[PDB]
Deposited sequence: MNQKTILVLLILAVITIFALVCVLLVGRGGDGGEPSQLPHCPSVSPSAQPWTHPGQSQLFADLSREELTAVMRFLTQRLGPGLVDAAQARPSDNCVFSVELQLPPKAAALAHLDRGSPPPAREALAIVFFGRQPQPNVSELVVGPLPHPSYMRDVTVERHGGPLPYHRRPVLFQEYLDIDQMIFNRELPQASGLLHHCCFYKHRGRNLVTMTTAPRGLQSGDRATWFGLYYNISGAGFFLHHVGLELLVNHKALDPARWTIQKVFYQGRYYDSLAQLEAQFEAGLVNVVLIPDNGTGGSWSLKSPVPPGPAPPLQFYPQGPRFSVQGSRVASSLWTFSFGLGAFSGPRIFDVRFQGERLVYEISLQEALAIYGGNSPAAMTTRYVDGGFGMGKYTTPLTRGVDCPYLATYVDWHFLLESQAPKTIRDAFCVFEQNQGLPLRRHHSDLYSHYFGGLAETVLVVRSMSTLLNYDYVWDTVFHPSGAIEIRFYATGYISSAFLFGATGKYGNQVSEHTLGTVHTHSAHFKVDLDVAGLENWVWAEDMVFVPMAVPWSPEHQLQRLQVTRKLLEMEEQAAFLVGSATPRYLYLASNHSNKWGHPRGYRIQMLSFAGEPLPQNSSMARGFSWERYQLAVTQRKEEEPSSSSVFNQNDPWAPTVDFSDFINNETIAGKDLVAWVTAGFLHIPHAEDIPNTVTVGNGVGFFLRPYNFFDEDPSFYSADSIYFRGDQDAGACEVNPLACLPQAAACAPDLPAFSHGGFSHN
């Protein structure tokens, strides 16, 4: 690995040592920080400048300094802010730059900071010790309440309030189900907690919700109940089935099919670079933005500088305040931070290579997520190509598709997002995103038809949309790229020969798109059938070397623009956009957007601003998603079938012929040959497997 490798535990420790020195002892461990402390919230790789980086990979120039970016919580002060500090060079840091205002134009308001885990503990303490017992009347008759046992548990929602500067979060209450998902057991109560004060003692409950009704306080509710004005119904807290359990009641049977490598792995993983005979690339995770791939070279030629997840978004509907106002912008929690171990043989093939990831977040020392990535070759059991000739000449030639895959999974509370990077031997790249895990349920009460389906006894599966944003820094045969839109048209013409007759003449249409706005495509509008970035260079046949972007999405209608918060994820409105790549436009979102979408720290629509994309270094931005109306078959989990979205990058006249023609694994034989002869056909030479003992990456405390 090297240039793009996430920071090592060693490097992380070094950056933290350096930070503990240059900041005013009285710096607290973020894992215990109160709002008014100072705090290292995160430390992670700071990605090199593109120009320096290429200089080093393509033209011998030495590597750009290796730096970290640290996000610090400055609450021990008259005007608290959040600061972004670059720290470097590594491995032995000597400087520390504050880029906060360079990037943002001013300080970062302190309410934009992510809720810390200690902040959650404190909210819980407030709820469970000071607020809930005031309703131990009601809660005994609906939800088996006790002392503080407790049987209940809370889950956060979306943005936290109704306008910039708010930090008030709606929480639902849930049975603390054991060994299975609590998410399906909303007990009916929702609390609007205002935790904006830096003194958690000034924290208040602004609103309460129970069975379709609102109250200004729990005591108010508890009173309405003692007055016999609130019909209570005792919600069971145990059960059987998928609703209550994830473990299967059926004895295991004969094993599922297993793939192995007869003559060993055909790719290697060194640090965080992957090389096969066809592909080399580096991979990693942003703490906040998650999966990323750099420096992808097919057969030594670079196709893409960067492909990375930008953001993941979930917009809910509901019967209830928590659900009806939820809009998660998941980078506010962090796709890398919340990445989880892969279970060997379930999350990936048993014989995949599994790699660890290290991080420093909300603590003062490095921690490791074991088995966070997997890399493997997968025989797709589908041919890449084949032709069987019975006509004029008797031959067969084809090649079975084997694919190279990098994967990790982020578990954002209930959801488990699966991120796939798939390298094809045709020179196509496939980026996929699947959502499994648990749905968010609401408590089923009142008229629920317009907001979801009943999916269990007391469980409303609430309607929502999922979407995700991808950065695609194609460098098609260099940096200077154009974008083409090709498509088709019928044109009625007379038949040349028989001009009395007509015919619909099918024609290709091509259009160069020269301005950003011309290549920004809104969800809901139609897009050209062929859409690619090209070089001015041509292939042997004189067509522009191109890579075409083909989208797999079933986009739901994006949050309408009139929303005060919509600019916190404006990329949701576009399917495809292509901009000039700028060093000051590294992401389309930010960890800070989540807690203030009303005053977005980054607003994607800014990137589309009347510049030229004709012969420039272009980056393309892809949105993919779908509507989800949960249904009974989402219990216990939603399945991955049919729910993969993303895109293909496919060569389009980039090469002079299909590269797989030169494949070591292709098969060919003529009728006149002995197809069963080892020399004619390597399929005829075929041919303990050796399984590593099973280990699991464990859990986090």
Report summary line: Taking the deposited sequence from residue 1, the uncovered stretches are 1-56, 744-748, 763
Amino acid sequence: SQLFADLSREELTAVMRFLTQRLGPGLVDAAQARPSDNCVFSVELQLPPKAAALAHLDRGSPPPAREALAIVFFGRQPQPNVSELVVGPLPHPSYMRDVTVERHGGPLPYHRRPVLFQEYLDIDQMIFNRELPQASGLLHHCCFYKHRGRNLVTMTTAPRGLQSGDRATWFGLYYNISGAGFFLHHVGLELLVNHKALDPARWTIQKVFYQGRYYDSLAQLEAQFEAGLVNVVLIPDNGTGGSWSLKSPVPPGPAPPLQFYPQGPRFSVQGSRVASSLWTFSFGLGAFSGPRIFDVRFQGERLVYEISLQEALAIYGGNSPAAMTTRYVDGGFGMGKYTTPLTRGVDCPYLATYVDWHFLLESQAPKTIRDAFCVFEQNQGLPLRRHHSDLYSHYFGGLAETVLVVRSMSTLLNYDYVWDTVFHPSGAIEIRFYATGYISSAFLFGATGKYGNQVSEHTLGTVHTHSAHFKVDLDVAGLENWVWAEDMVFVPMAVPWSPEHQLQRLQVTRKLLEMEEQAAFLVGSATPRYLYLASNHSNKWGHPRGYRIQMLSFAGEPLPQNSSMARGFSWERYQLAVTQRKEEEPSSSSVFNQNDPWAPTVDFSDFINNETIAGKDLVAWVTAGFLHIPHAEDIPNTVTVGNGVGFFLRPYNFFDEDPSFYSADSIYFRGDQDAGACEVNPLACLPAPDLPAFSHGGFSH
From here on, numbers count along this sequence of modelled residues.
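Take the two forms, find the largest set of C-alpha atoms that superpose within 1.5 Å, and that set is the rigid core.
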Report summary line: In terms of RMS C-alpha distance in 8 other deposited structures of this protein following rigid core superposition, 228-236 and 534-542 differ, and the farther one is 228-236
**Report entry** Greater root mean square CA deviation, 136-144 compared with 465-473 in 8 other deposited structures of this protein, core aligned
**Finding:** 136-144
Query raised in the report: Looking at the deposited entry, does 637-645 or 671-679 carry the larger mean Cα B-factor?
Result: 671-679
Requested in this report: Could you settle it for me: does 536-544 or 423-431 have the higher average Cα B factor in the PDB entry?
Outcome: 536-544
Query - Out of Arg581, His185, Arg386, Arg76, highest CA B-factor residue - result: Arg76
Query raised in the report: Going by the deposited entry, which of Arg130, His469, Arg292, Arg567 has the highest CA temperature factor?
Result: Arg130
Query raised in the report: Relative to the other modelled residues in the chain, which third contains the C-alpha temperature factor of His394: lowest, middle or highest?
Result: middle
Query - Among modelled residues of the same chain, the CA temperature factor third for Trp279 - result: lowest
Query raised in the report: By its CA B factor, does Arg167 count among the lowest, middle or highest third of the modelled residues in the chain?
Result: lowest
Query raised in the report: Ranked by Cα temperature factor within the chain, is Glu119 in the lowest third, the middle third or the highest third?
Result: middle
Requested in this report: State the tercile, meaning the lowest, middle or highest third, of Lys50 with respect to the CA B-factors recorded for its chain.
Outcome: middle
